[PDB]
Amino acid sequence: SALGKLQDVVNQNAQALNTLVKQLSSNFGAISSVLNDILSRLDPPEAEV
Amino acid sequence: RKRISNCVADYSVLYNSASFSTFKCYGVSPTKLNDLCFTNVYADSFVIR
Amino acid sequence: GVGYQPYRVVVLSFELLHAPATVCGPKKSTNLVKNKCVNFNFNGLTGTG
């Protein structure tokens, strides 16, 4: 744990990136979290929402 | 309730058949219905007012 | 009169994208191409890679 000061920076950046990536799995109220899935099932005006 | 499985479904004819009074789809558009694959289709039929 | 006559109603309830698919639209399958950036479509799973 001598280099914990640098390890903390590395871990914080990696954790922020991982959270940003994981945020792509959230529906945010939509039917699906996959853009291709939304576009494959719905025509433009329903898919727009 | 009828199990529909292990078959190729062509919804284009059903969409084009004008005899239906109501053709409303909720989670998919009828035009895109011919490009999707489902793990199970359950068709429920009844007579109501 | 209209609104009181018998009506034959059929619903089409299906599940999307959790298990292997068994009901598919009438789209002809194509060949498999590897080691190339392609627009794949596996049982309705549209993507690029």
Side-chain angles (χ1 to χ4, degrees), chain A, chain B residues 1-18 20-49, chain C residues 7-49:
Chain A
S1 58
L3 289 91
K5 302 202 57 48
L6 315 166
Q7 202 56 64
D8 285 0
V9 173
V10 176
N11 287 355
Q12 278 181 116
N13 285 295
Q15 175 177 235
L17 265 184
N18 284 334
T19 310
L20 185 69
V21 172
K22 267 292 272 175
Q23 279 295 312
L24 286 170
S25 314
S26 304
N27 306 68
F28 303 113
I31 48 168
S32 177
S33 42
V34 179
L35 225 50
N36 290 311
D37 282 10
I38 291 175
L39 286 164
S40 307
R41 313 218 309 257
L42 271 43
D43 62 33
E46 337 309 324
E48 268 205 12
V49 181
Chain B
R1 156 167 281 181
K2 179 155 193 170
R3 206 153 177 165
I4 287 171
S5 282
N6 320 336
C7 53
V8 161
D10 188 8
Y11 312 86
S12 64
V13 284
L14 309 184
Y15 185 59
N16 296 335
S17 179
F20 307 119
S21 73
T22 285
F23 207 101
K24 155 102 186 48
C25 297
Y26 287 85
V28 56
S29 89
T31 313
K32 301 267 184 163
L33 244 194
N34 249 355
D35 286 342
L36 303 192
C37 283
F38 323 91
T39 74
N40 51 344
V41 183
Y42 274 139
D44 307 340
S45 34
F46 52 52
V47 184
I48 68 80
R49 205 179 309 152
Chain C
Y7 271 85
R8 276 175 198 219
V9 155
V10 47
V11 317
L12 297 182
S13 89
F14 39 54
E15 171 285 349
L16 288 296
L17 298 153
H18 292 290
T22 197
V23 186
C24 283
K27 190 196 301 229
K28 173 146 73 36
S29 311
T30 71
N31 205 10
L32 216 174
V33 183
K34 299 172 183 87
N35 302 3
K36 275 173 173 179
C37 171
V38 286
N39 298 136
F40 53 88
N41 190 336
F42 287 87
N43 315 65
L45 179 126
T46 285
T48 306

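The sequence lines fix the lettering, A, B, ..., with proteins before strands; numbering per chain opens at 1.
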Query raised in the report: If you draw a 6.0 Å radius around CG in B/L14, do more than 12 non-hydrogen atoms from other residues or ligands fall strictly inside?
Result: yes

Query raised in the report: Is it true that atom NZ of C/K28 has more than 12 heavy atoms of other residues, nucleotides or ligands lying nearer than 6.0 Å?
Result: no

Can you tell me how far [atom2] of [Y] sits from [atom1] of [X], rounded to the nearest 0.5 angstrom?
X: C/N41; Y: B/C37; atom1: CG; atom2: SG; answer: 7.5 Å
X: C/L16; Y: B/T39; atom1: CG; atom2: OG1; answer: 8.5 Å
X: C/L12; Y: B/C25; atom1: CG; atom2: SG; answer: 8.0 Å
X: B/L33; Y: A/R41; atom1: CG; atom2: CZ; answer: 10.0 Å
X: B/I4; Y: C/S13; atom1: CD1; atom2: OG; answer: 9.5 Å
X: A/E46; Y: A/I38; atom1: CD; atom2: CD1; answer: 12.5 Å

Do you know the tightest heavy-atom contact between [X] and [Y]?
X: C/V10; Y: B/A43; answer: CG2-CB, 4.4 Å
X: A/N36; Y: C/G47; answer: ND2-CA, 4.2 Å
X: B/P30; Y: B/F23; answer: CB-CE2, 3.9 Å

Determine whether a donor-acceptor pair (N or O, by modelled atom type, separation under 3.5 Å) exists between the side chain of [X] and the backbone of [Y].
X: B/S29; Y: A/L42; value: no
X: A/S32; Y: A/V34; value: yes
X: B/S17; Y: B/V13; value: no

Query raised in the report: Under a 4.0 Å N-O cut-off, is there an ion pair linking A/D43 with B/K32?
Result: no

Query raised in the report: Would you say the side chain of A/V10 lies within less than 4.5 Å of the side chain of A/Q7, judging by non-hydrogen atoms?
Result: yes

Report task. Hey, can you tell me if C/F14 and B/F38 have their rings parallel, tilted or perpendicular (30° and 60° cut-offs)? Result -> parallel

Report task. Please report the C-alpha distance between B/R3 and B/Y42 in whole Å, then the side-chain angles of each, then the deciding distance to 0.1 Å, and finally whether the side chain to side chain contact (heavy atoms under 4.5 Å, CB included) criterion is met. Result -> CA-CA 5 Å; B/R3 206 153 177 165; B/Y42 274 139; 3.3 Å; yes

Query raised in the report: Should C/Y7 and B/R49 be marked as a side chain to side chain donor-acceptor pair (under 3.5 Å) after you check the CA-CA gap, both sets of side-chain angles, and the distance that decides it?
Result: CA-CA 6 Å; C/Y7 271 85; B/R49 205 179 309 152; over 6 Å; no

**Report entry** Residues in side-chain hydrogen bond (donor to acceptor under 3.5 Å, both in side chains) contact with B/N34, at least two apart in sequence or another chain
**Finding:** B/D10

**Report entry** Partner set under salt bridge (charged side-chain N to carboxylate O under 4.0 Å, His left out) for A/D37, not counting sequence neighbours
**Finding:** none

